[PDB]
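Student: Let me give you the structure first, and then I'll get to my questions.
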Amino acid sequence: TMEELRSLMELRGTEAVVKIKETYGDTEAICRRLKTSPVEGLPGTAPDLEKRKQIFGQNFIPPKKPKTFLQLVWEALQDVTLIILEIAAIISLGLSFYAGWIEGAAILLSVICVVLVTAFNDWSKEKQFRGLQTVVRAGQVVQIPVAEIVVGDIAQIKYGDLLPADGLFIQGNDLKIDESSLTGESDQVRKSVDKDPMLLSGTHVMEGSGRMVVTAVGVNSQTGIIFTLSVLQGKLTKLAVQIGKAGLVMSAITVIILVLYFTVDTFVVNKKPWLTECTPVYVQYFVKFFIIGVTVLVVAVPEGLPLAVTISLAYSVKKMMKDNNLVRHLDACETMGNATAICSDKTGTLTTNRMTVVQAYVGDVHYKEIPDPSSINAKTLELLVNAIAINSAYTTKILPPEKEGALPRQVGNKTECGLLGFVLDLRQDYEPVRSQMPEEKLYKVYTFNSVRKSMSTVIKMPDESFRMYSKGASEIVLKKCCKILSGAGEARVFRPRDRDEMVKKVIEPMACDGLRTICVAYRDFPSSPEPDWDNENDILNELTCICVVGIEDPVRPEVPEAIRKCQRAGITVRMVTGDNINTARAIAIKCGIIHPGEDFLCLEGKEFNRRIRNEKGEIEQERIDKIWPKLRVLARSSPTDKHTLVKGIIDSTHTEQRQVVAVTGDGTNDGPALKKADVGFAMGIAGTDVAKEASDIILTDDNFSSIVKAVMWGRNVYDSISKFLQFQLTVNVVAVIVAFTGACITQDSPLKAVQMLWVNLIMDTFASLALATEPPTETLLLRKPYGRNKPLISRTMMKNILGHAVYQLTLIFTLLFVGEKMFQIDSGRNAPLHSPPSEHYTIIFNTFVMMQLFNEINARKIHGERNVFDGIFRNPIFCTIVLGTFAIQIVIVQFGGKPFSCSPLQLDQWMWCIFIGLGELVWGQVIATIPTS
Ligand SMILES: Nc1ncnc2c1ncn2[C@@H]1O[C@H](COP(=O)(O)OP(=O)(O)NP(=O)(O)O)[C@@H](O)[C@H]1O
Ligand SMILES: [Ca+2]
Ligand SMILES: [Mg+2]
C-alpha cells in the first residue's frame with residue numbers, strides 16, 4: 001500500500017490518466033487516507049506527523065562512504081613512480097640479506113610519506129565536498145530547511161524550481177517541465193490535471209506555476225532505482241616519464257662502466273687466475289655496484305611531482321573557500337588561471353540589485369530630487385499612490401529592517417519595491433489602500449511577463465465603472481497613451497510631436513544617467529457598454545500618463561577596481577543584460593567595461609541575430625567571427641542569446657590564440673551556456689538550484705570582485721609546480737653527473753647509497769611540502785594569460801638550473817680532487833671495501849647537503865626576482881622543514897657513524913661547509929644579472 005500506488009505512476013501514459021478515472025477518483029478522492037492539510041496550513045506542533053507517517057523514511061540518507069582510509073591508502077599506493085620505488089626497495093632488501101637493510105628502509109620512509117599524506121587529502125577533501133551539499137514547503141509562513149521532505153506536504157512550484165520529489169498536479173497556470181533527466185527527451189511536457197498530472201523528482205520546471213501534494217515521495221520510486229541499482233596533468237606525466245627514462249639510461253651506463261672497469265682491472269690487466277675460493281668476495285663487489293644503480297634510479301625518478309600537484313590543488317581549494325568561492329570541480333581551479341574572457345550579466349553581479357527611485361517627471365515638471373508632497377498638485381498624489389499600491393501585486397512589501405537600523409528589506413521584484421519606496425518617500429502609505437481592496441473587488445489582472453513588459457489591473461470598485469492602471473516600460477506604454485494629466489489635474493491631448501519632444505527632453509537624460517524609465521498611466525471605461533477585454537491590443541491604449549519614474553540600482557563599490565584588474569591581466573569583460581541599450585551603455589561606462597572614446601561596439605539582440613545569420617534560418621560561425629572581437633555590451637538579450645555568444649567565442653579559429661571563457665550565468669535558462677563555458681560561475685544567494693547544480697564554482701557573496709581571486713589563486717597553482725621543477729630538476733642533474741664521474745674516475749661513486757637516499761628524501765618528499773604551499777601574491781595579476789602550448793620548463797628556469805648546476809659541479813669536483821691538500825685531512829679516494837669512513841668524503845657529503853639546502857631557499861623565485869627572502873615568514877612550513885633538515889643533517893654527520901658512512905667533523909670544517917653554502921646564495925645573486933635573451 002505504501003508503494004503499491006507507485007505502480008500507477010510507472011505507466012507514464014494515457015493508461016495512468018484513465019487509471020485514476022477508473023477507481024482512484026482524483027487526488028482528493030484518496031487524500032482522505034491521511035490529513036495532508038488540503039486547503040489549510042500545518043499548525044507546526046512538534047509531534048505532528050508521527051501518526052500519519054507511522055514509518056519514517058527520508059531520502060536524505062547518503063551512502064556510508066565512497067572509500068575508507070585503508071582503501072584510500074591502497075588506492076594511493078598504485079602509482080607508477082611508487083611501483084618503481086617499491087620494486088627498488090624490495091630488490092635492495094632481498095640483496096642485502098644474502099647494515100645493508102637501512103638503504104631499503106630509507107626508500108620505504110619515502111613511500112609511506114608519499115602515500116599517507118595523499119590519502120589524508122583524499123580523505124578530507126572528499127569529506128568537505130560532501131559536507132557542503134527554506135524548502136518548497138508552502139503554507140502561511142512555513143519555511144524549513146531543505147533536508148527532510150515528508151509525505152503530505154503542500155509544495156508550491158514556480159518557474160525554474162527543481163522538483164525535490166515526485167507528485168501529482170492540483171492547480172496552476174501553464175506548467176511546462178523538462179523531463180530530459182529521466183526520459184532523455186528534451187521536449188517541454190505540459191502538465192495538467194486532465195492530461196498529465198504526474199510530476200517526477202529531478203525534473204526541471206521551465207514555464208508556468210502550480211501546486212502539488214504527493215504521489216508517493218520516497219526512495220522506493222524511480223528516483224531510487226538508479227541509486228540501488230587536464231592538460232597540465234598530462235604534460236606533467238609526460239615530463240615524469242621522460243625524466244624516468246633518462247635516469248634509467250644513466251643508471252645503466254654507470255653500472256656497465258663500473259662492472260667493466262672492475263672486470264678489466266682484476267682479470268685482464270693483473271693476469272689474476274680465477275679461483276673458486278675468491279667467488280664469494282667477488283660477488284660482494286658486484287652487489288655493491290648493483291645497488292648503486294638502484295639508488296641512482298631512486299634519485300632520478302620524480303616521485304614528488306604528483307604529491308606537489310595534489311598538495312597545491314588541495315591547499316588552493318581550501319584557501320579559496322575562505323575567499324567566498326565554493327569549488328565543486330577541482331580542475332576548474334587551474335583553468336581559471338588561463339581565462340581570457342569573462343561574460344557577466346548586469347543585475348546581481350555588477351549591481352547591488354537594490355532599486356530606489358531617484359528622478360520623477362510628475363506634474364509636467366522634471367524633479368532631479370524626490371519632491372515635497374506639497375509641491376505636487378492635489379488629486380494627482382492620491383491617484384499615483386492608489387495606482388502603485390494596486391499594481392504592487394500585493395505580495396511585495398517594504399519590511400522593516402529590525403537589524404541595527406539597516407536599510408529596509410525588499411522581498412518581491414525590485415521595480416514594484418522601488419515604486420513603493422517612492423510612495424513612502426512621498427509621505428503616503430499604501431497599506432490602507434491595499435486593505436480597502438484586498439483582492440475582494442479585483443475584476444481582472446493581466447499578469448506581468450517579459451513579452452509585454454507591463455501589467456494591467458482592472459478595478460470595479462467605482463459604481464458601474466472600470467479603471468485600468470497598466471504601468472509599463474516607458475517605451476511600449478508611453479506611445480499608447482493619448483492624453484496626459486498635468487498641471488492641477490488637467491487632462492490635455494498628447495500628440496506625437498509632444499511625444500518625441502518629451503522623449504528627447506526627459507527620457508534620454510534618465511537613460512544616459514544610468515536609470516531605468518518606467519511609465520505610470522490610467523484609463524477609465526464608460527458605464528458598462530461591453531466587456532471587450534478579449535483582445536489586448538484594443539484595450540491597452542488611449543491611456544493617460546500620470547508620471548515617469550527613473551529607477552536605479554547602485555553599482556557595487558568594488559567592481560570598478562576589479563574590472564580594472566581583470567583588464568590589466570589580459571582578460572576582457574563583456575556584459576549581457578536585458579535592459580535597453582541606453583541604460584546598459586550608461587551602466588557599463590560607470591563599471592569601466594567600455595571606455596568613453598573607443599571603437600567598442602554595443603548592439604541589441606535583434607540585430608545580433610539578424611546580422612550573425614546569413615540568408616535562410618541557419619547560423620554560421622564565419623559571420624559570428626566579425627561581431628565577437630569588439631562586442632562589449634549586449635542589450636535586450638534573449639535568454640539564449642548568451643549561449644550563442646559563448647559558443648561563438650569558444651569555437652573560433654580566426655584568432656591565432658585559443659580563447660578560454662568564463663560565464664557568470666545565474667538562472668534556470670542559463671543552463672546550456674553554463675555548461676558550454678570552460679569555467680561557469682553561479683550566483684549563490686539568489687541562485688536557483690538549477691543553475692547551481694550545473695555550475696563549476698559558486699560565488700557565495702554573488703560579487704564580481706571575488707572572480708578576480710579565482711584568477712590569482714589559479715595562476716599561483718601553476719607557479720608552485722614550476723618552482724618545484726626548479727629545485728628537483730637541478731639536484732637530480734648534479735648528483736647524476738657526480739656519481740657518473742665517480743664511475744669513470746676513482747671507481748668509487750663519492751656519495752654512498754645511504755647518503756644519496758638522504759638527498760632523495762630531502763629533494764623529493766620534503767621539497768613538495770616546502771614549495772607546494774607558497775601563499776599567492778597580487779603580482780600574479782600582472783602577466784598576460786599563459787597559452788596552452790607553453791613549455792613546462794621556461795627559459796629562466798633552465799638558466800637557473802644550468803647556473804646552479806655549474807657552480808655545484810665545479811665546487812664538488814674541486815673538493816673531491818684537491819681536498820687532501822686544501823684541508824690537510826689525508827685522502828679518502830680509492831678506499832678498500834669494508835673500510836672505516838674518511839673525513840674527506842664526509843666533507844663532500846656535508847657540502848653537497850648544505851648547497852642543496854641553500855638552493856632550496858634561493859629557488860623560490862622563478863621570475864628572476866633578486867629579493868629571494870621576500871615573504872619567507874608568510875609560510876610556516878617551509879622554515880620548519882628547512883630547519884629540521886639542517887638539524888637532522890647535523891645529528892647524522894656528528895653522532896651517526898658507520899651505518900651512514902660518516903665520521904665526526906670538527907668545527908672548522910663545518911664552518912667552511914656553511915661558508916660554501918652561502919656561496920650558493922652569492923652565486924644566485926651573480927647569475928640573476930645575466931640576461932636571458
Ligand atoms: N513590475 C513591473 N511592471 C511593469 N513593467 C516592469 C516591471 N518590472 C520590470 N518592468 C519592465 O519590463 C522589463 C522586464 O525585464 P526584466 O527581466 O524584469 O528586467 P531587465 O532589466 O530588462 N532584465 P535583467 O537585467 O536580466 O533583469 C524591465 O526591463 C522594465 O522595463
Ligand atoms: Ca627521485
Ligand atoms: Mg529578460
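A note on labels: chains of the C-alpha cells are A, B, ... as shown, every chain counts residues from 1, and ligands are counted from 1 in their shown order.
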Find the residues near ligand 2. Use a cut-off of 8 Å, count only C-alpha atoms and all ligand atoms, and write them as an NGL selection string.
Tutor: :A and (297-304 or 732 or 760 or 763-764)
Student: Could you list, as a PDB file with C-alpha atoms, in the first residue's frame, all protein and nucleic acid residues with an atom at most 9 Å from ligand 1, counting only C-alpha atoms and all ligand atoms?
Tutor:
```
ATOM      1  CA  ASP A 345      25.216  39.658 -16.502  1.00  0.00           C
ATOM      2  CA  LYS A 346      24.413  43.121 -15.169  1.00  0.00           C
ATOM      3  CA  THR A 347      21.773  42.588 -12.485  1.00  0.00           C
ATOM      4  CA  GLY A 348      23.016  40.951  -9.301  1.00  0.00           C
ATOM      5  CA  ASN A 391      -0.281  47.310  -9.147  1.00  0.00           C
ATOM      6  CA  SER A 392       2.226  46.173  -6.490  1.00  0.00           C
ATOM      7  CA  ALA A 393       0.727  42.609  -6.826  1.00  0.00           C
ATOM      8  CA  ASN A 413      10.524  42.181  -7.513  1.00  0.00           C
ATOM      9  CA  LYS A 414      12.703  45.259  -7.240  1.00  0.00           C
ATOM     10  CA  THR A 415      10.738  47.625  -9.507  1.00  0.00           C
ATOM     11  CA  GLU A 416       7.499  47.392  -7.519  1.00  0.00           C
ATOM     12  CA  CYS A 417       9.506  47.734  -4.306  1.00  0.00           C
ATOM     13  CA  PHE A 448       3.356  40.702 -15.944  1.00  0.00           C
ATOM     14  CA  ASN A 449       5.701  38.912 -18.347  1.00  0.00           C
ATOM     15  CA  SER A 450       8.848  39.705 -20.313  1.00  0.00           C
ATOM     16  CA  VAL A 451       6.934  39.937 -23.612  1.00  0.00           C
ATOM     17  CA  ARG A 452       4.587  42.829 -22.837  1.00  0.00           C
ATOM     18  CA  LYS A 453       6.972  44.358 -20.252  1.00  0.00           C
ATOM     19  CA  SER A 454       3.907  45.691 -18.422  1.00  0.00           C
ATOM     20  CA  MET A 455       0.990  44.648 -16.229  1.00  0.00           C
ATOM     21  CA  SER A 456      -2.613  45.887 -16.202  1.00  0.00           C
ATOM     22  CA  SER A 470      -1.327  49.450 -16.528  1.00  0.00           C
ATOM     23  CA  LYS A 471       2.167  50.560 -15.607  1.00  0.00           C
ATOM     24  CA  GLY A 472       4.721  49.949 -18.334  1.00  0.00           C
ATOM     25  CA  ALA A 473       8.293  50.228 -19.608  1.00  0.00           C
ATOM     26  CA  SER A 474       8.089  53.848 -20.874  1.00  0.00           C
ATOM     27  CA  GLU A 475       8.641  52.648 -24.448  1.00  0.00           C
ATOM     28  CA  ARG A 516      15.548  52.803 -15.980  1.00  0.00           C
ATOM     29  CA  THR A 517      12.428  54.600 -17.214  1.00  0.00           C
ATOM     30  CA  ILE A 518       9.022  53.357 -16.025  1.00  0.00           C
ATOM     31  CA  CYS A 519       5.699  54.888 -17.072  1.00  0.00           C
ATOM     32  CA  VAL A 576      24.962  40.718 -21.281  1.00  0.00           C
ATOM     33  CA  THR A 577      21.806  42.392 -19.967  1.00  0.00           C
ATOM     34  CA  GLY A 578      18.109  42.586 -20.773  1.00  0.00           C
ATOM     35  CA  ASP A 579      17.837  46.352 -20.292  1.00  0.00           C
ATOM     36  CA  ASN A 580      17.547  48.847 -23.128  1.00  0.00           C
ATOM     37  CA  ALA A 584      23.128  49.306 -20.429  1.00  0.00           C
ATOM     38  CA  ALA A 635      21.242  44.815 -24.650  1.00  0.00           C
ATOM     39  CA  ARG A 636      17.701  43.421 -24.770  1.00  0.00           C
ATOM     40  CA  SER A 637      19.326  39.996 -24.807  1.00  0.00           C
ATOM     41  CA  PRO A 639      17.802  34.081 -22.568  1.00  0.00           C
TER      42      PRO A 639
END
```
Student: With DSSP run on the backbone, what are the helix (DSSP H, G or I) residues within region 121-340 of chain A? I'd like them as an MDAnalysis selection string.
Tutor: chainID A and resid 121:132 180:183 223:228 231:269 276:300 305:323 332:338
Student: Which residues in region 280-460 of chain A does DSSP call strand (DSSP E)? List them as a list in words.
Tutor: residues 325, 326, 327, 341, 342, 343, 344, 345, 356, 357, 358, 359, 360, 398, 399, 409, 410, 442, 443, 444, 445, 446, 456, 457, 458 and 459 of chain A
Student: Please report the interatomic distance between CA of residue 177 (chain A) and CA of residue 210 (chain A) in Å with one decimal.
Tutor: 11.6 Å
Student: Find, counting only C-alpha atoms, the residue in A:502, A:333, A:811, A:342 that gets nearest to residue 632 (chain A).
Tutor: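 Result for the nearest residue to residue 632 (chain A): A:342.
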Student: Please provide as a list in words all residues within 9 Å of region 120-128 of chain A, with the sequence filter that same-chain residues fewer than 2 positions apart are discarded (counting only C-alpha atoms).
Tutor: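 In the requested format, the answer is residues 66, 67, 68, 69, 72, 73, 115, 116, 117, 118, 130, 131, 132, 133, 310, 311, 314 and 318 of chain A.
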Student: Neighbours of region 775-792 of chain A within 8 Å (only C-alpha atoms; same-chain residues fewer than 3 positions away dropped), as a list in words?
Tutor: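 Counting only the stated atoms, we get residues 231, 235, 337, 338, 339, 340, 565, 568, 569, 570, 571, 657, 711, 712, 713, 715, 716, 722, 874 and 875 of chain A.
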Student: Calculate how many Å separate CA of residue 497 (chain A) from CA of residue 546 (chain A), rounding to one decimal.
Tutor: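 Here the two named atoms are 18.5 Å from each other.
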Student: Can you tell me how far CA of residue 129 (chain A) sits from CA of residue 691 (chain A), in Å to one decimal?
Tutor: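 Taking CA of residue 129 (chain A) and CA of residue 691 (chain A), their separation equals 17.9 Å.
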Student: Report as a CSV table (one decimal) with N, CA, C and O atoms, in the first residue's frame all protein, DNA and RNA residues lying within 8 Å of residue 923 (chain A), evaluated on only C-alpha atoms, omitting residues in the same chain fewer than 3 positions from it.
Tutor:
```csv
chain,number,residue,atom,x,y,z
A,804,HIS,N,73.3,27.1,-11.4
A,804,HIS,CA,73.5,26.4,-10.1
A,804,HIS,C,74.1,25.1,-10.3
A,804,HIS,O,75.0,24.7,-9.5
A,807,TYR,N,77.9,25.8,-10.8
A,807,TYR,CA,78.5,26.1,-9.6
A,807,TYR,C,78.7,24.9,-8.7
A,807,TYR,O,79.8,24.6,-8.1
A,919,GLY,N,78.0,30.6,-0.4
A,919,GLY,CA,78.4,30.8,-1.7
A,919,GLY,C,77.3,30.5,-2.7
A,919,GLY,O,77.4,31.1,-3.8
A,920,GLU,N,76.4,29.6,-2.4
A,920,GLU,CA,75.3,29.4,-3.4
A,920,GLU,C,74.4,30.6,-3.5
A,920,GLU,O,74.0,30.9,-4.6
A,926,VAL,N,74.7,36.6,-8.3
A,926,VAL,CA,75.5,36.8,-9.5
A,926,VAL,C,74.8,36.4,-10.8
A,926,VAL,O,74.8,37.2,-11.8
A,927,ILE,N,74.2,35.2,-10.8
A,927,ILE,CA,73.6,34.7,-12.0
A,927,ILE,C,72.3,35.4,-12.4
A,927,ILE,O,71.8,35.4,-13.5
```
Student: Select, from A:605, A:139, A:371, A:554, the residue with the minimum atom-to-atom distance to residue 211 (chain A), counting only C-alpha atoms.
Tutor: A:139
Student: Smallest atom-to-atom distance to residue 412 (chain A): which of A:438, A:855, A:354, A:815, using only C-alpha atoms?
Tutor: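 Nearest candidate to residue 412 (chain A) out of A:438, A:855, A:354, A:815: A:354.
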